[PDB]
Amino acid sequence: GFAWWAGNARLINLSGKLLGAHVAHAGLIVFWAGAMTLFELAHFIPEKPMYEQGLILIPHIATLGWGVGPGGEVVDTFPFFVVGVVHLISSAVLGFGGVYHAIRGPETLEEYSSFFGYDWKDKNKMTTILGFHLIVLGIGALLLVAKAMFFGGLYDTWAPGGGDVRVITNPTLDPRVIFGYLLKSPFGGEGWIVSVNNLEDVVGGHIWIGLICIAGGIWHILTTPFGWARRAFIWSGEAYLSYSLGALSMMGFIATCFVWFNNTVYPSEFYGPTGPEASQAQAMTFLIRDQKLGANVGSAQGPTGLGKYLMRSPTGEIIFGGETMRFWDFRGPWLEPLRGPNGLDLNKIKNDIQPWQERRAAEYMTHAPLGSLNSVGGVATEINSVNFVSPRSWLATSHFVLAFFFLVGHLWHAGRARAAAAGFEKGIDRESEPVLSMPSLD
Amino acid sequence: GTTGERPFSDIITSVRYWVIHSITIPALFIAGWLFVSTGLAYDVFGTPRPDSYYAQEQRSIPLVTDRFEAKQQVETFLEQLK
Amino acid sequence: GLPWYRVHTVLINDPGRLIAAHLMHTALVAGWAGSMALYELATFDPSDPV
Amino acid sequence: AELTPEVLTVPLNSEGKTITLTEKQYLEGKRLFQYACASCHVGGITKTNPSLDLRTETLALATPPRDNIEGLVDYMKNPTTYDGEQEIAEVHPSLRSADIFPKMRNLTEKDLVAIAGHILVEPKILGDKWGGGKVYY
Amino acid sequence: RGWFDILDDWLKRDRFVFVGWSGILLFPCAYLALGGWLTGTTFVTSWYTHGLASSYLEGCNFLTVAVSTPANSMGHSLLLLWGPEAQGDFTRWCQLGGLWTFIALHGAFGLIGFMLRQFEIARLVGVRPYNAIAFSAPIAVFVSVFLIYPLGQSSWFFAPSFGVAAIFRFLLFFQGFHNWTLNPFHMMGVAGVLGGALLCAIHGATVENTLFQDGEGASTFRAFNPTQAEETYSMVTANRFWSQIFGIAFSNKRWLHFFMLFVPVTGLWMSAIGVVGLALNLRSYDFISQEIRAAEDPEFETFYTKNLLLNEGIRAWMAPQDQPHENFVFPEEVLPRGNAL
Amino acid sequence: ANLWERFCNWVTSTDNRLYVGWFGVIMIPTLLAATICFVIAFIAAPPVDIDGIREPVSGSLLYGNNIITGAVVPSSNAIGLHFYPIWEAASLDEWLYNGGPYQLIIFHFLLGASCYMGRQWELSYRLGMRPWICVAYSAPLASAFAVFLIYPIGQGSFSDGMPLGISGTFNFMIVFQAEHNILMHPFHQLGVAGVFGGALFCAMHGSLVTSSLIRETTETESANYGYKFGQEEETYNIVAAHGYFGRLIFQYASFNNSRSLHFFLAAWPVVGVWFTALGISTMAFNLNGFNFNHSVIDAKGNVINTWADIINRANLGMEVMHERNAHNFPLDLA
Ligand code: CLA
Ligand code: CLA
Ligand code: CLA
Ligand code: CLA
Ligand code: CLA
Ligand SMILES: CC1=C(/C=C/C(C)=C/C=C/C(C)=C/C=C/C=C(C)/C=C/C=C(C)/C=C/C2=C(C)CCCC2(C)C)C(C)(C)CCC1
Ligand SMILES: CC1=C(/C=C/C(C)=C/C=C/C(C)=C/C=C/C=C(C)/C=C/C=C(C)/C=C/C2=C(C)CCCC2(C)C)C(C)(C)CCC1
Ligand SMILES: CC1=C(/C=C/C(C)=C/C=C/C(C)=C/C=C/C=C(C)/C=C/C=C(C)/C=C/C2=C(C)CCCC2(C)C)C(C)(C)CCC1
Ligand SMILES: CC1=C(/C=C/C(C)=C/C=C/C(C)=C/C=C/C=C(C)/C=C/C=C(C)/C=C/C2=C(C)CCCC2(C)C)C(C)(C)CCC1
Ligand code: OEY
Ligand SMILES: [Cl-]
Ligand SMILES: [Cl-]
Ligand SMILES: [Fe+2]
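What counts and how
- Residues numbered from 1 in each chain as written, not as in the entry; some residues may be left out.
- Chains lettered and ligands numbered in written order.
- Part of a larger assembly, values for the part shown.
- Heavy atoms only, no water.
- Residues with missing side-chain atoms left out of burial classes, pairs and counts.
- UniProt positions renumbered as here; feature names shortened; annotations may be inferred.
- Helix = DSSP H or I, 4+ residues; strand = E, 2+ residues; numbered from the N terminus.
- Rg over C-alpha atoms; globule rule 2.2 N^0.38 Å.
- Contact = heavy atoms within 4.5 Å.
- Patch = residues over 30% accessible without salt bridge, like charges linked within 9 Å, V, L, I, M, F, W, Y side chains within 5 Å.
- Areas by Shrake-Rupley, 256 points an atom, 1.4 Å probe, with all protein chains shown as cover.
- Salt bridge = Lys/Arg side-chain N within 4 Å of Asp/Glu carboxyl O.
- Donors = N, O, S within 2.8 Å, 3.2 Å for Na, K, Ca; no water.
- Tetrahedral: all angles 85-135°; square planar, octahedral: opposite > 155°, others 65-115°.
- Buried < 20%, exposed > 50% of the residue type's maximum accessible area, 1.4 Å probe, protein only.
- Near = heavy atom within 4 Å.
- Nonpolar A, V, L, I, M, F, W, Y, C, P; charged D, E, K, R; others polar.
- Core = buried A, V, L, I, M, F, W, Y, C linked by side-chain atoms within 4.5 Å.
- Polar contact = N/O pair within 3.5 Å; in protein donor to acceptor, adjacent residues only side chain to side chain.
- Axes fitted to C-alpha atoms, helices over the stretch in contact; angles between N-to-C directions.
- Parallel < 35°, antiparallel > 145°, perpendicular 65-115°, else oblique.
- Left-handed = near helix turned anticlockwise from the far one by under 90°.
- Buried area = accessible area lost by both parts, 1.4 Å probe.
- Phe/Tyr/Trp six-rings, centres within 6.5 Å; stacked < 30°, edge-to-face > 60°.

- Method of determination, as annotated in the archive: X-ray crystallography, at 2.23 Å resolution.

- The record for the entry shows the title "RT XFEL structure of Photosystem II 150 microseconds after the second illumination at 2.23 Angstrom resolution".
- Quoted verbatim from the Subcellular location heading of the UniProt record, the comment on chain E is "Cellular thylakoid membrane".
- Recorded in UniProt for chain E, the comment headed Sequence similarities runs: "Belongs to the reaction center PufL/M/PsbA/D family."

- Chain B appears in the PDB entry as Cytochrome b559 subunit alpha from Thermosynechococcus elongatus.
- According to its UniProt record, chain B has this under Subcellular location: "Cellular thylakoid membrane".
- What UniProt records for chain B under Sequence similarities is the sentence "Belongs to the PsbE/PsbF family."

### Observations concerning the overall build of chain E
- Across its full length, chain E carries twelve helices and zero strands.
- Traced from its N-terminal end to its C-terminal end, chain E shows the element sequence α-α-α-α-α-α-α-α-α-α-α-α.
- Taken over C-alpha atoms, the radius of gyration comes to 26 Å for chain E, far larger than the 20 Å a tight globule of 341 residues would show.
- Seen along its three principal axes, the alpha-carbon backbone of chain E occupies a region of about 75 × 65 × 35 Å.
- A fraction of 59% describes how many contacts in chain E between residues 6 or more apart in sequence connect residues 24 or more apart.

### Overview of a nonpolar patch on the surface
Residue and element names in this part refer to chain F.
- There is a patch of nonpolar side chains on the surface, built from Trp 4, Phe 7, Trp 10, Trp 22, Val 25, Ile 26 and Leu 111 and spanning about 710 Å² of accessible area.
- Residue assignment for the nonpolar patch shows that the elements contributing at least two residues are α1 (3-11) and α2 (21-44).
- The residue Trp 22 is located in helix α2 in this model.

### Some points on the UniProt feature "binding site: heme" in chain B
- With numbering aligned to this structure, UniProt lists the feature "binding site: heme" at B:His21.
- Structurally, B:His21 can be placed in helix α2 (residues 15-37).

### Examining the coordination of the iron ion (ligand 13)
- Listed as protein donors to the iron ion (ligand 13) are E:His203 (NE2), E:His257 (NE2), F:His205 (NE2) and F:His262 (NE2); their distances from the metal cover 2.2 to 2.3 Å.
- What the four donor atoms of the iron ion (ligand 13) show is an angle range of 87 to 174° at the metal, which sorts the shape as irregular. Residue E:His203 is located in helix α8 (residues 184-208), and its partner E:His257 is located in helix α10 (residues 253-279); the two are separated by 54 residues in the primary sequence. For the residue pair E:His203 and E:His257, the accessibility class agrees, reading buried in each case.

### As for the site of ligand 6
Residues and elements named next belong to chain A.
- Neighbouring ligand 6 are the residues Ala 24, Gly 27, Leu 28, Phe 31, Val 85, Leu 88, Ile 89, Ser 91, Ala 92 and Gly 95.
- Considering ligand 6 on its own, with 950 Å² of exposed area, one finds that the protein chains cover 42% of that surface.
- When residues of the shell around ligand 6 are traced back to their parent elements, those giving at least two are α1 (15-43) and α3 (78-104).
- No other element matches the six residues that α3 contributes to the shell around ligand 6.
- Of the residues that constitute the shell around ligand 6, the class distribution is seven nonpolar, three polar and no charged.

### Digging into the nonpolar core
- Counting residues in hydrophobic clusters, the biggest one holds 98 residues, and the most contacted among them are A:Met50, E:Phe241 and F:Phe148.
- Looking at this core element by element, the count peaks at 15 residues for helix α5 (residues 133-155) of chain F.
- Among residues more than four places away in sequence, those in contact with E:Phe241 are F:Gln120, F:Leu123, F:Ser124, F:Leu127, F:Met129 and F:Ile133.

### A few points about the coordination of the magnesium atom of ligand 2
- The protein gives the magnesium atom of ligand 2 a lone donor atom, A:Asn8 (OD1), placed 2.1 Å from the metal.
- Structurally, A:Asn8 can be placed in the segment before α1.

### Examining the site of ligand 2
All names here are of chain A.
- Taken together, the neighbourhood of ligand 2 is formed by 13 residues, with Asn 8, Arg 10, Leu 11, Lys 17 and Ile 103 sitting nearest.
- Within the side chain of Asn 8, a nitrogen or oxygen atom sits 3.1 Å from a nitrogen atom of ligand 2.
- Between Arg 10 and ligand 2, the recorded distance is 2.9 Å, taken from a side-chain N or O atom to an oxygen atom.
- The set of elements that each furnish at least two residues to the shell around ligand 2 consists of α1 and α3.
- At five residues, α3 tops the list of elements feeding residues into the shell around ligand 2.
- By residue class, the composition of the shell around ligand 2 is eight nonpolar, three polar and two charged.

### Some thoughts on the packing of helix α5 (residues 98-125) of chain E against helix α6 (residues 130-152) of chain E
All names here are of chain E.
- One way to put it is that α5 packs onto α6 with a least axis distance of 9 Å and a crossing angle of 170°. Judged by the inter-axis angle, α5 sits roughly antiparallel to α6. Note on packing geometry: the crossing formed by α5 with α6 is left-handed. Contact residues: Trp 100, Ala 104, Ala 108, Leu 111, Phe 114, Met 115, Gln 118 and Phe 119 in α5; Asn 131, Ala 132, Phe 135, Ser 136, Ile 139, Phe 142 and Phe 146 in α6.
- A per-class count over the contact of α5 with α6 returns twelve nonpolar, three polar and no charged.

### Observations regarding the interface of chain A and chain E
- The interface of chain A with chain E comprises 17 residues on the first partner and 22 residues on the second.
- Of the roughly 1700 Å² buried at the junction of chain A and chain E (both faces included), carbon and sulfur atoms supply 58%.
- Summed over the three residues of chain A that lose the most area to chain E, namely A:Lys426, A:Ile428 and A:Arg430, the buried surface amounts to 40% of that side.
- At the junction of chain A with chain E, the criterion picks out one salt bridge.
- One salt bridge in this structure joins E:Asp214 and A:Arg430, with 2.9 Å as the shortest N-O distance.
- Along the contact surface separating chain A from chain E lie ten residue pairs in polar contact.
- Of the residues that constitute the side of chain A that touches chain E, the class distribution is ten nonpolar, three polar and four charged.

### Observations concerning unusual backbone geometry
- Even without a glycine there, the phi angle at E:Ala340 is positive, about 80°.
- With respect to the helices and strands, E:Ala340 occurs in the segment after α12 (303-322).
- Overall, the relative accessible area of 41% leaves E:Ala340 in the partly exposed class.
- In this structure, F:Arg54 is a non-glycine residue whose phi angle is positive, near 55°.
- Assignment of secondary structure puts F:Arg54 in the loop between α2 and β1 (71-72).
- With relative accessibility at 53%, the residue F:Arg54 sits in the exposed group.

### Things to note about the interface of chain F and chain E
- Listed per partner, the contact involves 122 residues of chain F and 114 residues of chain E.
- Each partner contributes to the roughly 10500 Å² buried at the junction of chain F and chain E, and carbon and sulfur atoms together form 67% of this total.
- Its largest share of buried area at the contact with chain E, chain F owes to F:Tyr244, F:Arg259 and F:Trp307, together 10% of the area lost on that side.
- There are 47 residue pairs in polar contact connecting chain F and chain E.
- At the level of secondary structure, the elements contributing two or more residues to the side of chain F that touches chain E comprise α4 (100-127), α5, α6 (166-180), α7 (186-211), α8 (238-248), α9 (258-283) and α10 (307-321) of chain F.
- The biggest single contributor to the side of chain F that touches chain E is α7(F), with 16 residues.

### Quick look at the pattern of salt bridges
- Tallied over the entire structure, the rule returns 40 salt bridges over all chains.
- Note that F:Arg259 is salt-bridged to E:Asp214, the shortest N-O span being 3.6 Å. Note that F:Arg259 is positioned in helix α9 and E:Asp214 in the loop between α8 and α9 (235-246), a pairing that runs across two chains.
- Given the relative accessible area of 0%, F:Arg259 is considered buried.
- Relative accessible area serves as the criterion here: at 34%, E:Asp214 is assigned to the partly exposed category.
- In this structure, F:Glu234 engages E:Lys253 in a salt bridge whose closest nitrogen and oxygen atoms are separated by 2.9 Å. Of this pair, F:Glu234 sits in the loop between α7 and α8 while E:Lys253 sits in helix α10, which puts the two residues in different chains.

### Side note on the packing of aromatic side chains
- In the structure shown here, the tally under the stated rule is 84 aromatic pairs over all chains.
- Ring centres 4.7 Å apart and planes at 50° place the aromatic pair A:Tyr155 and A:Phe270 in the tilted group. Residue A:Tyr155 is located in strand β1 (residues 154-156), and its partner A:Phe270 is located in helix α9 (residues 268-271); the two are separated by 115 residues in the primary sequence.
- Taking relative accessible area as the criterion, A:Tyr155 reaches 1% and is therefore assigned buried.
- With centroids separated by 5.0 Å and ring planes inclined at 20°, the aromatic side chains of E:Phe4 and E:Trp21 adopt a geometry described as stacked. Of this pair, E:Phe4 sits in helix α1 (residues 3-11) while E:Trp21 sits in the loop between α1 and α2 (22-43), and the two are 17 residues apart along the sequence.
- With relative accessibility at 42%, the residue E:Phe4 sits in the partly exposed group.
- Ring-pair connections join several aromatic residues into one group, and the members of that group are E:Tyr149, E:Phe157, E:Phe158, E:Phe170, E:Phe173, E:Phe174, E:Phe177 and E:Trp180.

Structure below.
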């Protein structure tokens, strides 16, 4: 029925060749994660910040606490090697399984075993496979907790003294905090869950998520869908694909904003400064320089009449001036020591800016996530010399693009699933065209 | 539904086709290569070599400013480098 | 019937009324010239050609 | 036009002496300047303090004069403000501050001479474009 | 049975590539326009006319190579190989911009050739010549932009150069100098091109989603026979869908397909007229009433006044390098600049 | 006969002159809210401090604008990405100075258009159609999401979203070119290929069908009366069109299958506009068009300009002029 270019649709009702397709494709994933880490480590120079080197995987490993010490300095590269090799090796085993089940294995599973066999329309079996995978994911989330609490901790950009690897002993359990984030506006100064800003809340939320996932896994093993759910959904392989494409799209969008705004679970030590951070850093940089020359930065009126260096947010908080007035919700470890209760504190500004904060401000203003597709750093009008594009832009853009096509894929397969379920996905039956049996509109 | 020429799919799967075209195709690629590696393409077309956009201490474009003396102006400029 | 953009095709085989139309066009064009000159004369200042 | 020994001949010190660099040293230096300095100093300006640039005329009015190989090598070791009144290694890269600016760790003495030589040669090649900013892009 | 009729027979034979009488104009000119551009983009500088590198030989990539226009000093010279400027020297001709006129003029005659081909093939096969008529829009754009426009100005220098990024610079020149986006002939052109793409997508989508089921396969392409009499999609169901979705829908398959011809062809023709005006610097640059208010009232600001400041930046910052024959020298202090930047 | 079932039956009825549906239940109110606010503000709103510098910009007809220069002006940079509903303002006067209508209009609009896309899926199901017209519309919807939501998210402020005005649109695209160089970005180039190409294929397909209409009328009547709505037979001769177009190019460059032809007509512009929408959306995070500034240098090291450098001169002129009172520091980092 299907053409070569829709050829994978021929696997819909071949559980054995479809198991192979999935497992072989999971091998490609593990393979990429493996090769790419080794490629990054082969290219890694430790005296250069990670974000001057096009690294996206090594920062993920560092953030988990491996390889790094105080301030994000890399101290031991062997955990990066290990993570790549193990992934790499494990892909051969998935690849082996994958081509075995796609080529030589039982083409359908149901004849060989009633446990592994499935029919898409079996609501109990489908909720049972969903149950198993929910548990697996619950376990995965708890592995993050175990690492944070019993196997070294995690990197904490907020730890006093430049940031450091820190073990997490009082995870947040209070559901008001954890589920409070889920209820926060996604808008400015609020951030929905992208505002999470300390590792205690990260680890606590993962305990919850692992329990909820294990409980739901068990729930879905032990139940079958209720009749309101049975009548609400399409129950077909393509329909389940469409639901998951919807979900991954949503998640891709979320991850986009997370790597763009969050500097806790994407430490700027590793990923480079966020857009807001770098903009705030510039205002800081010139406040520092001009004050050193004698400028009274609190009393300097800028051309518009707003403060040149310092003004008020719309709720009163003292903030950086210029266009970065838009970025006053930014919070970061190099800047919070200057915040008092009314926003930025003028006596702290006048007396207590340290050199490390001057360096960090200068470093981040000159490493903002602006650059060209061919990796010329900076604003579009800058000349060639600096080969830099922030990992934050590479990860934000790439995952925006993927998220968008999966929403398109969600629409594609959802509408097709609906039409196939009612039986007109192949077109209109000339002998029974529904419009010809309706009254006309006028 | 054909006009009588030999089908392409038939020609480019044929041993004779590839016997002729494994000589011709590299021969042309090599010729065009030599057009550039020899430096001939510079001289045919008038294109400045990396060292002859400017005279040594000169930062002025040698811009053609005359319609009918144009030819002579270009030549004057080329002297300013030899 | 005829669309709006074809009303004048009724002259294609009517040399009489074709000439009638060409006369009316010619009338309007010469009318224009005369009206345009008179308007320019009523507004022209002739007192400084420099 | 080309990269001749005249272009590559820059002052060694304030006494009057000259060193003549090679094409190798020049391309070496350009490359290390991109590695260690262009994030702030692309094109001979200074992003984080645009009032101070790398134009030869600006360097010659620095205290310690910096329009020679020695001035510049020295600055890369023990930088000072423009009037020479205060050492600024804590906020500017240099070998003295290579703990806090790790990129300076693997710079040999000859790397410093190349970098310094690129700085003095480039304005002879690009003129006003070196240190002039976007007006000359 | 004379030589003319024998030659007619031979030109109009049914072969893989139809020739026709129109092929005698078409094929040489098409091929020389194409050959010139590839030749020049590979080997030929713009140093002497523009101060620009512009070939692969010189280091340019696909986006920056161009066959650039001749120097402003050439005026509107035909710049014939054998003409008074190049005097037959092929090399000089290339350095003076001879390939620009060569490409423009052969391209012009090739476009005539192509439209005559559309007429010639249409007559032989027995169809109406609406595809030829439609092709007048591209011809108007080409002649108005590449020929009329620079003929109204000082020289060929200000026509577009044949290159990706050179055309980008043409786009920005017209914004800064002509405020071309403010021109309603351009606006009608935009509506026609974006209307065209809309109609393209929405008609293709409608048909593919009102298909009749005419075979049994999940791929519905196989269930069309190119000689079936029956429509392959339901006009009635498409019309009901858009009627209830959008309020109105097509009911006449002929008007629909005529409308698809009409929308983009008209838009291009409209933009062509705007460009004819810009040949004479007859722009829609300004709104007089806004300028009178803004001059007298320094608190009055619109998006209209904000875009003219942008145009003023464009002119002052790009003109010295884009118009090198003028020897503009603008000190740092005369350049218009906002605060800080 | 159950009351809710009756309501569910009118909502989803295919006999309503305009289909409502469940998506329509969100679409109708949200689009009326956005429309009514837009019309009122376009006529009568007072000047808005778009860049947060107390430099209000007049957008409406009553404050000295015409149709071409008028706009509903984006909300203040002081607000950034903060949510500014009416009830968060001390007074409607405050809300108006600070740009609150722009937020009301664009959020209702994006919602309502999203539902517009759902509504297209939904009526197709009720009529027994194939489902994908809404995938086509997702190209323009994505493009609207990019200029009104995604780009403001990446840059940190709705003050950099596209104005709801004709000249405001131009301001938006000029400043975009200076800060991103969209022209040198490949996803915009596919957008141009998508839109030029779609206009081309629009004209071709329209000219090819019109060329090959079967004679059904006299010279005195519109050829269009030769098609009767709902007739079974095709109204043109696709073999005559294919025979014409195949000869104009060559045989195998011309479609003989009407289904492939119309799918191709759908796919080309939809895909090119997907890309251009994704280009705006990725330049939202500053992954900009190619930069070849000073890429060609001579043997001494002189810069040898290219057309890319002339582009850069123009871009520089837009950069230094835009929002001329809004920058205090040398880099325009957002
Ligand atoms: C988990 C993800 C997922 C899964 C399992 C499927 C599964 C399926 N899809 Mg859906 N699809 C998805 C995501 C997914 N899709 C997304 C995200 C979109 C939107 C982009 C679509 C849009 C879509 C359409 C339009 C159709 C399907 C169809 C199908 C079926 C057959 C597909 C096939 O044979 O591909 C065969 C694979 C190819 C022909 C190759 C694809 C080439 C891609 C486009 C190029 C990408 C290149 C990349 C960008 C970089 C290249 C670098 C270079 C060096 C090579 C199958 C059931 C078909 C269907 O309805 O069947 C029921 C169908 O018509 N898919
Ligand atoms: C991740 C991508 C992916 C995966 C996993 C699959 C997997 C599969 N496809 Mg799809 N497919 C894909 C992409 C993919 N496809 C794309 C892009 C297209 C468009 C061209 C198609 C088009 C397509 C069609 C048209 C059909 C399939 C079919 C199938 C199945 C049977 C293939 C078969 O008979 O092998 C025959 C092929 C071989 C025997 C060649 C050998 C290939 C081997 C596996 C390469 C392995 C090399 C590797 C280095 C070995 C490592 C070994 C070591 C680990 C021990 C299989 C499960 C078929 C199906 O559904 O059957 C009913 C079918 O009809 N696919
Ligand atoms: C999700 C993936 C998946 C699924 C659902 C199946 C399902 C199946 N396989 Mg396949 N297979 C897979 C992956 C998978 N396999 C992989 C990865 C490989 C390569 C290692 C193979 C190689 C393979 C062969 C060679 C054969 C099967 C066979 C079978 C069938 C019987 C399995 C059984 O009872 O064995 C008994 C089960 C066990 C002894 C399970 C012991 C515990 C496992 C090994 C570890 C689980 C730990 C953890 C979850 C994952 C690993 C840790 C890692 C992540 C670090 C069944 C249909 C047989 C068949 O159908 O042939 C006719 C058969 O001969 N499989
Ligand atoms: C992969 C995850 C996953 C998936 C696919 C499913 C799938 C399913 N579940 Mg299970 N479930 C899971 C995880 C999952 N579950 C976990 C972890 C738990 C434990 C809490 C449960 C607990 C659970 C129960 C108790 C029940 C189901 C039921 C069902 C079925 C109907 C789903 C439905 O109508 O919801 C669609 C959603 C709604 C109808 C309500 C919308 C509510 C959300 C919160 C609105 C917010 C959306 C917003 C825009 C996004 C932001 C989030 C916000 C909170 C901030 C379906 C088979 C039902 C069933 O038939 O059970 C046998 C049922 O009664 N599930
Ligand atoms: C000498 C010039 C001339 C003459 C005598 C004709 C004569 C004719 N044309 Mg042709 N035509 C011409 C120039 C000419 N045309 C030009 C320059 C164009 C391109 C714009 C066309 C494009 C054209 C098309 C596309 C069509 C014709 C058609 C026709 C026929 C029917 C016209 C009709 O009923 O209009 C009726 C028109 C009106 C009732 C109102 C039109 C008003 C227009 C829109 C604007 C106002 C004009 C203004 C008042 C006065 C002109 C000022 C200035 C131009 C001098 C008729 C034989 C039609 C045909 O072939 O039918 C078989 C047809 O479809 N013509
Ligand atoms: C089915 C199918 C398919 C697919 C397939 C797949 C997807 C595959 C898989 C496969 C795989 C997925 C593979 C993998 C493999 C791997 C391997 C085999 C590994 C090995 C490794 C090694 C050897 C290592 C070593 C080392 C070390 C240890 C250290 C470091 C260095 C080195 C690296 C050397 C296709 C579509 C084509 C077709 C159809 C069918
Ligand atoms: C980890 C973590 C955390 C936590 C979190 C959590 C806890 C989460 C949750 C989550 C959740 C809990 C989610 C939810 C979701 C939901 C959803 C997403 C839903 C959906 C729905 C839908 C989709 C539906 C549909 C429908 C309708 C509406 C109608 C009927 C039909 C249907 C069914 C189709 C935190 C942040 C603290 C921190 C960091 C980390
Ligand atoms: C009867 C008679 C008489 C009288 C006569 C007369 C009184 C005449 C008049 C006439 C005239 C008094 C006429 C005039 C005409 C005019 C015209 C014919 C006009 C035209 C117009 C046009 C067509 C326009 C168009 C347009 C517009 C409106 C806008 C802009 C564009 C254009 C230009 C296109 C006499 C005593 C001798 C004798 C007896 C008889
Ligand atoms: C001007 C002239 C002339 C003419 C010449 C000619 C005629 C030439 C030709 C030439 C030619 C005829 C050339 C060609 C060239 C070509 C090329 C250079 C190509 C390239 C291509 C490529 C690069 C592609 C690639 C690709 C891609 C990218 C994607 C897909 C795939 C492909 C493969 C397509 C004569 C002699 C009369 C003399 C006077 C002057
Ligand atoms: O581009 Mn230039 O960058 Ca985005 O902000 Mn800084 O300036 Mn301003 O307000 Mn709208 O615009
Ligand atoms: Cl502006
Ligand atoms: Cl600022
Ligand atoms: Fe059609």
